[PDB]
file my_file_34.txt (compact mmCIF, C-alpha atoms and all ligand atoms)
# COMPACT_ATOMS: atom_id res chain seq x y z
CA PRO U 6 -21.69 11.04 26.60
CA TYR U 7 -22.46 11.46 22.90
CA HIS U 8 -25.49 10.41 20.90
CA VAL U 9 -24.72 7.95 18.07
CA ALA U 10 -26.20 8.05 14.56
CA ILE U 11 -25.44 5.06 12.34
CA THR U 12 -25.68 5.62 8.59
CA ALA U 13 -27.28 3.04 6.36
CA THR U 14 -23.91 2.70 4.69
CA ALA U 15 -22.29 1.79 8.01
CA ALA U 16 -25.04 -0.73 8.87
CA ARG U 17 -24.47 -2.40 5.52
CA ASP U 18 -20.73 -2.39 6.32
CA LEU U 19 -21.48 -4.30 9.54
CA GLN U 20 -23.59 -6.80 7.58
CA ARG U 21 -20.79 -7.46 5.08
CA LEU U 22 -18.18 -8.14 7.81
CA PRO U 23 -17.30 -11.47 9.43
CA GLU U 24 -19.79 -11.74 12.29
CA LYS U 25 -17.12 -11.76 15.02
CA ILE U 26 -15.49 -8.54 13.83
CA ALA U 27 -18.93 -6.90 13.52
CA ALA U 28 -19.93 -7.76 17.09
CA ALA U 29 -16.58 -6.49 18.34
CA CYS U 30 -16.97 -3.34 16.23
CA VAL U 31 -20.49 -2.63 17.57
CA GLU U 32 -19.38 -3.03 21.19
CA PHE U 33 -16.59 -0.56 20.52
CA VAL U 34 -18.92 1.94 18.85
CA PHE U 35 -21.53 1.95 21.59
CA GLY U 36 -19.10 2.05 24.51
CA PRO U 37 -15.70 3.75 24.41
CA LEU U 38 -16.09 5.64 21.14
CA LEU U 39 -19.25 7.33 22.45
CA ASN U 40 -17.51 8.70 25.53
CA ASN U 41 -14.18 9.94 24.04
CA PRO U 42 -14.76 10.47 20.31
CA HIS U 43 -12.20 13.26 19.89
CA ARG U 44 -9.53 11.04 21.56
CA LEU U 45 -10.10 7.47 20.43
CA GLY U 46 -9.96 8.43 16.76
CA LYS U 47 -7.71 10.68 14.71
CA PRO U 48 -8.73 13.55 12.40
CA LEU U 49 -8.48 12.78 8.70
CA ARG U 50 -6.74 14.89 6.07
CA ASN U 51 -7.06 16.03 2.46
CA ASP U 52 -10.51 15.13 1.05
CA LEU U 53 -11.44 13.59 4.41
CA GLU U 54 -10.96 16.75 6.53
CA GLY U 55 -13.83 16.94 9.00
CA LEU U 56 -13.85 13.20 9.57
CA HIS U 57 -12.26 11.03 12.23
CA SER U 58 -11.06 7.43 11.96
CA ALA U 59 -10.72 5.01 14.85
CA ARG U 60 -9.04 1.61 14.66
CA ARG U 61 -8.99 -1.50 16.87
CA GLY U 62 -9.23 -5.24 16.40
CA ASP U 63 -9.57 -5.86 12.68
CA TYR U 64 -12.08 -3.00 12.15
CA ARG U 65 -11.77 0.68 11.26
CA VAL U 66 -14.52 3.21 12.09
CA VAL U 67 -14.82 6.48 10.11
CA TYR U 68 -17.17 9.04 11.67
CA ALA U 69 -18.07 12.69 11.98
CA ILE U 70 -18.47 14.43 15.37
CA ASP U 71 -21.46 16.78 15.58
CA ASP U 72 -20.61 18.84 18.66
CA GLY U 73 -23.33 21.39 17.99
CA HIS U 74 -25.81 18.56 18.58
CA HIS U 75 -23.59 16.27 20.76
CA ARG U 76 -23.73 13.44 18.24
CA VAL U 77 -21.46 10.88 16.54
CA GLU U 78 -22.37 10.06 12.93
CA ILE U 79 -20.96 6.66 11.86
CA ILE U 80 -20.14 7.01 8.16
CA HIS U 81 -18.23 3.87 7.14
CA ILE U 82 -16.89 0.76 8.89
CA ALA U 83 -13.96 -0.99 7.24
CA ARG U 84 -11.91 -4.15 7.54
CA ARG U 85 -8.46 -3.08 8.75
CA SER U 86 -6.33 -5.66 6.96
CA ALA U 87 -7.90 -5.15 3.49
CA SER U 88 -5.54 -3.88 0.76
CA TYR U 89 -4.95 -4.11 -3.02
CA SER C 2 23.29 6.50 -17.36
CA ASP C 3 26.82 5.06 -17.55
CA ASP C 4 28.63 1.73 -17.02
CA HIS C 5 25.43 -0.17 -16.23
CA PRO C 6 23.06 2.24 -18.01
CA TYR C 7 19.40 1.96 -17.16
CA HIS C 8 16.61 1.72 -19.69
CA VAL C 9 12.87 2.36 -19.66
CA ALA C 10 10.39 -0.49 -19.55
CA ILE C 11 6.79 0.57 -20.06
CA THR C 12 4.11 -1.81 -18.82
CA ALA C 13 1.06 -2.49 -20.94
CA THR C 14 -0.85 -0.66 -18.21
CA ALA C 15 1.13 2.58 -18.60
CA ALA C 16 0.92 2.48 -22.41
CA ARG C 17 -2.83 2.15 -22.04
CA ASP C 18 -2.66 5.14 -19.70
CA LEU C 19 -0.66 7.15 -22.25
CA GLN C 20 -3.26 6.25 -24.89
CA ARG C 21 -6.06 7.38 -22.58
CA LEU C 22 -4.49 10.84 -22.05
CA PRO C 23 -4.81 13.85 -24.36
CA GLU C 24 -2.06 13.58 -26.96
CA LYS C 25 -0.44 16.75 -25.58
CA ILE C 26 -0.11 15.50 -22.00
CA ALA C 27 1.06 12.09 -23.24
CA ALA C 28 3.87 13.64 -25.29
CA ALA C 29 5.42 15.62 -22.42
CA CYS C 30 5.20 12.62 -20.09
CA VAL C 31 7.07 10.46 -22.63
CA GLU C 32 9.66 13.24 -23.01
CA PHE C 33 9.98 13.42 -19.24
CA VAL C 34 10.14 9.66 -18.78
CA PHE C 35 12.94 8.97 -21.30
CA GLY C 36 15.08 12.01 -20.49
CA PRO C 37 14.96 13.56 -17.04
CA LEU C 38 13.42 10.51 -15.35
CA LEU C 39 15.69 7.88 -16.92
CA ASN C 40 18.72 9.95 -15.90
CA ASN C 41 17.84 10.72 -12.25
CA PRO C 42 15.11 8.26 -11.26
CA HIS C 43 16.09 8.55 -7.58
CA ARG C 44 16.16 12.35 -7.51
CA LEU C 45 13.21 13.33 -9.70
CA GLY C 46 10.78 11.23 -7.70
CA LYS C 47 9.86 10.27 -4.18
CA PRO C 48 9.60 6.75 -2.77
CA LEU C 49 6.12 5.63 -1.79
CA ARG C 50 4.99 4.14 1.50
CA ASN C 51 2.50 1.69 2.97
CA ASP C 52 1.13 -0.72 0.29
CA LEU C 53 3.23 1.15 -2.29
CA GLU C 54 6.71 0.70 -0.83
CA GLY C 55 9.17 -0.32 -3.49
CA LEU C 56 7.70 2.27 -5.85
CA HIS C 57 8.41 5.91 -6.65
CA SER C 58 6.35 8.75 -8.05
CA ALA C 59 7.44 11.78 -10.05
CA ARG C 60 5.20 14.82 -10.53
CA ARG C 61 5.13 17.15 -13.48
CA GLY C 62 2.52 19.23 -15.28
CA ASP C 63 -0.82 17.41 -15.37
CA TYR C 64 0.66 13.93 -14.85
CA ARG C 65 2.07 11.58 -12.22
CA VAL C 66 4.43 8.74 -13.16
CA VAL C 67 4.43 5.78 -10.74
CA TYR C 68 7.52 3.66 -11.33
CA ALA C 69 9.91 1.08 -9.87
CA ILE C 70 13.70 1.35 -10.00
CA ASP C 71 14.72 -2.24 -10.68
CA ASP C 72 18.48 -2.31 -10.12
CA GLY C 73 18.85 -6.06 -10.76
CA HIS C 74 17.44 -5.52 -14.26
CA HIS C 75 18.92 -1.98 -14.68
CA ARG C 76 15.39 -0.80 -15.53
CA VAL C 77 13.04 2.05 -14.79
CA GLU C 78 9.72 0.20 -14.84
CA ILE C 79 6.79 2.48 -15.67
CA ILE C 80 3.82 1.03 -13.80
CA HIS C 81 1.08 3.63 -14.06
CA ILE C 82 0.66 7.14 -15.47
CA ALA C 83 -2.21 9.13 -14.05
CA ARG C 84 -3.61 12.63 -14.47
CA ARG C 85 -3.05 15.27 -11.80
CA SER C 86 -5.82 17.36 -10.24
CA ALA M 2 14.09 7.30 19.16
CA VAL M 3 12.15 8.79 22.03
CA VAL M 4 14.03 11.66 23.65
CA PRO M 5 12.92 14.26 26.21
CA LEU M 6 12.62 17.86 25.12
CA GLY M 7 15.63 19.26 26.98
CA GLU M 8 17.88 16.48 25.68
CA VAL M 9 16.74 17.14 22.10
CA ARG M 10 17.24 20.79 23.04
CA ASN M 11 20.85 20.15 24.10
CA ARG M 12 21.74 18.09 21.00
CA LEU M 13 19.31 19.52 18.43
CA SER M 14 22.09 20.03 15.86
CA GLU M 15 23.04 16.37 16.30
CA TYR M 16 19.52 14.96 16.11
CA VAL M 17 18.71 17.01 13.01
CA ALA M 18 21.77 15.60 11.22
CA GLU M 19 20.80 12.06 12.23
CA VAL M 20 17.20 12.53 11.05
CA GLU M 21 18.59 14.03 7.83
CA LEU M 22 20.78 11.01 7.03
CA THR M 23 18.84 8.02 8.44
CA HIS M 24 15.18 9.17 8.26
CA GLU M 25 14.80 8.02 11.85
CA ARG M 26 12.01 9.93 13.57
CA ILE M 27 12.66 11.49 16.97
CA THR M 28 9.57 11.62 19.16
CA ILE M 29 10.24 14.59 21.40
CA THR M 30 8.56 13.94 24.72
CA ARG M 31 7.08 16.42 27.10
CA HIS M 32 5.70 15.13 30.42
CA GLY M 33 6.11 11.52 29.39
CA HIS M 34 3.99 12.29 26.41
CA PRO M 35 4.55 12.41 22.64
CA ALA M 36 4.23 16.09 21.69
CA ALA M 37 6.23 16.67 18.48
CA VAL M 38 8.39 14.65 16.10
CA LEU M 39 11.58 15.47 14.24
CA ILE M 40 11.14 13.87 10.81
CA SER M 41 13.14 14.02 7.59
CA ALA M 42 11.79 16.42 4.99
CA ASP M 43 12.06 13.59 2.44
CA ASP M 44 10.25 11.26 4.86
CA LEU M 45 7.27 13.61 5.28
CA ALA M 46 7.04 14.45 1.55
CA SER M 47 6.97 10.76 0.68
CA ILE M 48 4.07 10.18 3.06
CA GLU M 49 2.33 13.11 1.41
CA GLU M 50 3.14 11.94 -2.12
CA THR M 51 1.77 8.50 -1.22
CA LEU M 52 -1.44 10.20 -0.09
CA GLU M 53 -1.72 12.07 -3.40
CA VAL M 54 -1.28 8.78 -5.28
CA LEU M 55 -3.79 6.86 -3.14
CA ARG M 56 -6.54 9.49 -3.48
CA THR M 57 -6.32 9.32 -7.30
CA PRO M 58 -9.52 7.54 -8.47
CA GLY M 59 -8.15 4.59 -10.42
CA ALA M 60 -4.58 4.59 -9.19
CA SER M 61 -4.39 1.66 -6.76
CA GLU M 62 -6.14 -0.69 -9.17
CA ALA M 63 -3.94 0.27 -12.13
CA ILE M 64 -0.75 -0.03 -10.11
CA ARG M 65 -1.79 -3.57 -9.25
CA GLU M 66 -2.21 -4.15 -12.99
CA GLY M 67 1.18 -2.73 -13.93
CA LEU M 68 2.89 -4.78 -11.23
CA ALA M 69 1.28 -7.86 -12.71
CA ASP M 70 2.67 -6.73 -16.06
CA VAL M 71 6.10 -6.50 -14.48
CA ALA M 72 5.74 -10.03 -13.10
CA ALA M 73 4.85 -11.18 -16.62
CA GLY M 74 7.41 -8.97 -18.41
CA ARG M 75 4.46 -7.52 -20.38
CA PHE M 76 6.34 -4.42 -21.54
CA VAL M 77 5.68 -2.54 -24.79
CA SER M 78 8.15 -1.25 -27.38
CA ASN M 79 9.99 1.92 -26.39
CA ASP M 80 10.63 2.95 -30.01
CA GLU M 81 6.94 2.48 -30.72
CA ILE M 82 5.87 4.59 -27.73
CA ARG M 83 8.32 7.36 -28.64
CA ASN M 84 7.19 7.40 -32.27
CA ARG M 85 3.49 7.44 -31.35
CA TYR M 86 3.77 10.45 -29.03
CA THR M 87 6.31 13.32 -29.01
CA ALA M 88 5.20 14.33 -32.55
CA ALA G 2 7.46 28.31 8.96
CA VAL G 3 11.13 28.09 7.98
CA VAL G 4 13.52 28.67 10.90
CA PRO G 5 17.31 28.28 11.37
CA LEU G 6 18.47 25.65 13.80
CA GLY G 7 19.85 27.98 16.46
CA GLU G 8 16.55 29.79 16.89
CA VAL G 9 14.75 26.44 17.18
CA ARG G 10 17.30 25.40 19.80
CA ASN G 11 16.66 28.55 21.85
CA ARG G 12 12.90 28.35 22.16
CA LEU G 13 12.31 24.69 21.28
CA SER G 14 9.69 24.26 24.01
CA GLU G 15 7.83 27.26 22.56
CA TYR G 16 8.19 25.81 19.06
CA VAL G 17 7.05 22.36 20.19
CA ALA G 18 4.07 23.91 21.99
CA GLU G 19 3.21 26.02 18.95
CA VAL G 20 3.51 23.02 16.66
CA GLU G 21 1.36 21.09 19.15
CA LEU G 22 -1.35 23.76 19.46
CA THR G 23 -1.74 24.67 15.82
CA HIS G 24 -0.64 22.00 13.48
CA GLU G 25 2.11 24.11 11.94
CA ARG G 26 5.27 22.53 10.57
CA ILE G 27 8.68 24.10 11.21
CA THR G 28 11.15 23.37 8.43
CA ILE G 29 14.54 23.41 10.15
CA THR G 30 17.42 24.82 8.11
CA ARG G 31 21.03 23.99 8.98
CA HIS G 32 23.70 26.27 7.50
CA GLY G 33 21.27 27.67 4.94
CA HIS G 34 19.94 24.26 3.93
CA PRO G 35 16.66 22.48 4.78
CA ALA G 36 17.30 19.44 7.00
CA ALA G 37 14.37 18.31 9.13
CA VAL G 38 10.75 19.08 9.93
CA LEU G 39 9.22 19.68 13.36
CA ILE G 40 5.69 18.24 13.17
CA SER G 41 3.07 17.57 15.84
CA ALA G 42 2.73 13.91 16.80
CA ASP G 43 -1.02 14.09 16.30
CA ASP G 44 -0.42 15.78 12.92
CA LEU G 45 1.89 12.99 11.74
CA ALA G 46 -0.51 10.35 13.14
CA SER G 47 -3.29 12.11 11.27
CA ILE G 48 -1.71 11.73 7.85
CA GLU G 49 -0.59 8.13 8.53
CA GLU G 50 -4.16 7.15 9.45
CA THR G 51 -5.48 8.94 6.36
CA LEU G 52 -3.08 6.73 4.37
CA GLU G 53 -4.67 3.67 6.01
CA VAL G 54 -8.15 4.79 4.95
CA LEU G 55 -7.19 5.63 1.39
CA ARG G 56 -5.45 2.28 1.01
CA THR G 57 -8.58 0.35 1.98
CA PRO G 58 -10.42 -0.85 -1.15
CA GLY G 59 -13.75 0.87 -1.67
CA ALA G 60 -13.30 3.12 1.38
CA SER G 61 -13.39 6.32 -0.63
CA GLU G 62 -16.72 5.68 -2.32
CA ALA G 63 -18.27 4.13 0.76
CA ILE G 64 -17.41 7.28 2.70
CA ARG G 65 -19.12 9.44 0.06
CA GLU G 66 -22.18 7.25 0.26
CA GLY G 67 -22.17 7.56 4.05
CA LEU G 68 -21.84 11.35 3.89
CA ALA G 69 -24.83 11.29 1.54
CA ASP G 70 -26.71 9.28 4.18
CA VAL G 71 -25.98 11.97 6.76
CA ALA G 72 -27.17 14.63 4.32
CA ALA G 73 -30.44 12.75 3.98
CA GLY G 74 -30.77 11.75 7.63
CA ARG G 75 -30.72 8.13 6.44
CA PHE G 76 -29.83 6.50 9.78
CA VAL G 77 -30.77 3.08 11.15
CA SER G 78 -32.13 2.26 14.61
CA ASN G 79 -29.48 1.91 17.29
CA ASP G 80 -31.68 -0.58 19.14
CA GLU G 81 -31.73 -2.86 16.08
CA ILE G 82 -27.96 -2.65 15.58
CA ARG G 83 -27.36 -3.66 19.22
CA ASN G 84 -29.90 -6.51 18.91
CA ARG G 85 -28.40 -8.03 15.77
CA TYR G 86 -24.86 -8.04 17.18
CA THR G 87 -25.09 -8.26 21.00
CA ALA G 88 -26.61 -10.26 23.85
CL CL U 101 2.12 -12.43 -21.36
call {"tool": "encode", "arguments": {"input": "my_file_34.txt", "output": "structure tokens", "more": "lines below"}}
Ligand SMILES: [Cl-]
result
Amino acid sequence: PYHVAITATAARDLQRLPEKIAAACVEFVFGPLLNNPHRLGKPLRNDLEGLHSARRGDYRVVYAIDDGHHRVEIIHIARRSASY
Amino acid sequence: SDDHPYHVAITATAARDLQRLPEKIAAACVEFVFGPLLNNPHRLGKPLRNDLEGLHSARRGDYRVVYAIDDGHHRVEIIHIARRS
Amino acid sequence: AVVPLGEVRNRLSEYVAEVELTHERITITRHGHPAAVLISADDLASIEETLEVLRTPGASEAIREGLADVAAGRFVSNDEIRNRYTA
Amino acid sequence: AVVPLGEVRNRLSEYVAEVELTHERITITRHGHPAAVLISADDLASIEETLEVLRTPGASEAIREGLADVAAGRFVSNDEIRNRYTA
């Protein structure tokens, strides 16, 4: 399975989040996402081409897949429900 | 516009937008909004989705007009005018 | 609706007309799986136009502001706007 | 690609496969008039999820800051992240 690299941005995202969502998010990131990253998420479009987004619970995980080094870079973690 | 003719209603927000644009771009938008747009608000724009359902957007030149077609008030409500890029 | 390929195949003309006039999407299935979708051209272009709006730097925050103007009836004078621009 | 409805009907499986393999969109034209679009399910799902991201407040700038982190190799320890939110 894939190596995981967690950006400082994403770590701060976890810190900002309600503790329960964060713990659920982390579990997700270290388990299922790391085995099937091309499947669990969906490629992003327009300015976000090259990135994937996965969604579950009340969290959303944006990442890049570095095949050439077998690695998942966690870019941003977001609260699903949030909206203007 | 006939029988229950619609009229434009420009929010403070969109006037501030118009003021923030180069005078040239602002002029054409105003021409577009009161003529073409007021006459075919359903055809000259596309309805928006997700958080923006209820709204439309029409594209022209360097600008995008985000508006609501308020049939109960017979109004084309201009909500935001933004620059295209 | 969710319709297998060959059935879509047999009534393609009919499904296209229905998609056209209701904007219902038809998930065409192959091997019990979602492969392609018949969608209205208007439906797709409105998704895409929403994307263009949402990626505009200030757009979501201003739209929230203009909707609050609507709720307040905080509209400006049309004759003033027209005079100020359009020469 | 723009294709009349009868040709789509003939090789729809080939068109669905093509749409599935690349992410090309077939604009279907009935009687010389655009009607519907054949799009890949994953393609449609891809633009609807991008909508979800762009709608999330602050997501766009947070993503740029995270890309910048990758560019600098500014990553945190996985062992610490597990610690702080597991048992
Ligand atoms: Cl007021």
call {"tool": "residues_near_ligand", "arguments": {"input": "my_file_34.txt", "ligand": "ligand CL 101 (chain U)", "cutoff": "12 Å", "atoms": "only C-alpha atoms and all ligand atoms", "output": "VMD selection string"}}
result
(chain C and resid 12 to 13) or (chain M and resid 69 to 77)
call {"tool": "closest_atom_pairs", "arguments": {"input": "my_file_34.txt", "of": "chain C", "to": "chain U", "cutoff": "12 Å", "atoms": "only C-alpha atoms", "output": "Markdown table"}}
result
| residue | atom | partner | partner_atom | distance |
| --- | --- | --- | --- | --- |
| C:51 | CA | U:88 | CA | 10.0 |
| C:52 | CA | U:88 | CA | 7.4 |
| C:53 | CA | U:89 | CA | 9.8 |
call {"tool": "residues_around", "arguments": {"input": "my_file_34.txt", "residues": "residue U:82", "least_positions_apart": "6", "cutoff": "12 Å", "atoms": "all atoms listed in the file", "output": "PyMOL selection string"}}
result
(chain U and resi 11-22+26-27+29-31+33-34+57-61+63-68) or (chain G and resi 54+57+59-61+63-64+67)
call {"tool": "residues_near_point", "arguments": {"input": "my_file_34.txt", "point": "(-5.9, 5.5, -19.0)", "cutoff": "9 Å", "atoms": "all atoms listed in the file", "output": "list in words"}}
result
residues 14, 15, 16, 17, 18, 19, 20, 21, 22, 81, 82, 83 and 84 of chain C; 59 and 63 of chain M
call {"tool": "write_last_selection", "arguments": {"input": "my_file_34.txt", "atoms": "C-alpha atoms", "output": "PDB file, keeping the file's coordinate frame"}}
result
ATOM      1  CA  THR C  14      -0.850  -0.660 -18.210  1.00  0.00           C
ATOM      2  CA  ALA C  15       1.130   2.580 -18.600  1.00  0.00           C
ATOM      3  CA  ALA C  16       0.920   2.480 -22.410  1.00  0.00           C
ATOM      4  CA  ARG C  17      -2.830   2.150 -22.040  1.00  0.00           C
ATOM      5  CA  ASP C  18      -2.660   5.140 -19.700  1.00  0.00           C
ATOM      6  CA  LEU C  19      -0.660   7.150 -22.250  1.00  0.00           C
ATOM      7  CA  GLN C  20      -3.260   6.250 -24.890  1.00  0.00           C
ATOM      8  CA  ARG C  21      -6.060   7.380 -22.580  1.00  0.00           C
ATOM      9  CA  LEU C  22      -4.490  10.840 -22.050  1.00  0.00           C
ATOM     10  CA  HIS C  81       1.080   3.630 -14.060  1.00  0.00           C
ATOM     11  CA  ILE C  82       0.660   7.140 -15.470  1.00  0.00           C
ATOM     12  CA  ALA C  83      -2.210   9.130 -14.050  1.00  0.00           C
ATOM     13  CA  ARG C  84      -3.610  12.630 -14.470  1.00  0.00           C
TER      14      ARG C  84
ATOM     15  CA  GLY M  59      -8.150   4.590 -10.420  1.00  0.00           C
ATOM     16  CA  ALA M  63      -3.940   0.270 -12.130  1.00  0.00           C
TER      17      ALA M  63
END
call {"tool": "residues_around", "arguments": {"input": "my_file_34.txt", "residues": "stretch 37-47 of chain G", "least_positions_apart": "6", "cutoff": "8 Å", "atoms": "all atoms listed in the file", "output": "PyMOL selection string"}}
result
(chain U and resi 47-50) or (chain M and resi 17+20-21+28+35-42+45) or (chain G and resi 17+20-21+24-30)
call {"tool": "closest_residue", "arguments": {"input": "my_file_34.txt", "among": "G:2, G:55, G:86, G:9", "to": "chain U", "atoms": "all atoms listed in the file"}}
result
G:86
call {"tool": "calpha_fit_rmsd", "arguments": {"input": "my_file_34.txt", "fixed": "chain G", "moving": "chain M"}}
result
1.2 Å
call {"tool": "closest_residue", "arguments": {"input": "my_file_34.txt", "among": "M:68, M:22, M:4, M:53", "to": "residue C:59", "atoms": "all atoms listed in the file"}}
result
M:53
call {"tool": "closest_atom_pairs", "arguments": {"input": "my_file_34.txt", "of": "chain C", "to": "chain M", "cutoff": "7 Å", "atoms": "only C-alpha atoms", "output": "tab-separated table"}}
result
residue	atom	partner	partner_atom	distance
C:10	CA	M:76	CA	6.0
C:11	CA	M:76	CA	5.2
C:12	CA	M:76	CA	4.4
C:13	CA	M:76	CA	5.7
C:14	CA	M:67	CA	5.2
C:24	CA	M:86	CA	6.9
C:27	CA	M:86	CA	6.6
C:28	CA	M:87	CA	4.5
C:31	CA	M:83	CA	6.9
C:32	CA	M:87	CA	6.9
C:47	CA	M:47	CA	5.7
C:48	CA	M:47	CA	5.9
C:49	CA	M:51	CA	5.2
C:50	CA	M:51	CA	6.1
C:80	CA	M:67	CA	4.6
C:81	CA	M:64	CA	5.7
call {"tool": "closest_residue", "arguments": {"input": "my_file_34.txt", "among": "G:80, G:23, G:56, G:13", "to": "chain U", "atoms": "only C-alpha atoms"}}
result
G:56
call {"tool": "atom_distance", "arguments": {"input": "my_file_34.txt", "atom1": "atom CA of residue C:54", "atom2": "atom CA of residue C:33"}}
result
22.6 Å
call {"tool": "atom_distance", "arguments": {"input": "my_file_34.txt", "atom1": "atom CA of residue M:3", "atom2": "atom CA of residue M:18"}}
result
16.0 Å
call {"tool": "atom_distance", "arguments": {"input": "my_file_34.txt", "atom1": "atom CA of residue C:39", "atom2": "atom CA of residue C:8"}}
result
6.8 Å
call {"tool": "decode", "arguments": {"input": "my_file_34.txt", "residues": "stretch 58-72 of chain C", "atoms": "C-alpha atoms", "output": "PDB file, in the first residue's frame"}}
result
ATOM      1  CA  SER C  58     -25.669  33.520 -14.480  1.00  0.00           C
ATOM      2  CA  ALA C  59     -25.206  35.201 -17.849  1.00  0.00           C
ATOM      3  CA  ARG C  60     -21.795  35.499 -19.517  1.00  0.00           C
ATOM      4  CA  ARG C  61     -20.625  38.234 -21.822  1.00  0.00           C
ATOM      5  CA  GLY C  62     -17.339  39.950 -22.606  1.00  0.00           C
ATOM      6  CA  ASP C  63     -15.246  40.344 -19.448  1.00  0.00           C
ATOM      7  CA  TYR C  64     -18.187  40.063 -17.039  1.00  0.00           C
ATOM      8  CA  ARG C  65     -20.542  37.598 -15.375  1.00  0.00           C
ATOM      9  CA  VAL C  66     -23.956  38.687 -14.069  1.00  0.00           C
ATOM     10  CA  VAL C  67     -25.360  36.539 -11.231  1.00  0.00           C
ATOM     11  CA  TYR C  68     -29.081  37.188 -10.872  1.00  0.00           C
ATOM     12  CA  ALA C  69     -32.410  35.865  -9.586  1.00  0.00           C
ATOM     13  CA  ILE C  70     -35.632  35.807 -11.607  1.00  0.00           C
ATOM     14  CA  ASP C  71     -38.210  36.762  -8.998  1.00  0.00           C
ATOM     15  CA  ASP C  72     -41.561  36.054 -10.635  1.00  0.00           C
TER      16      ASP C  72
END
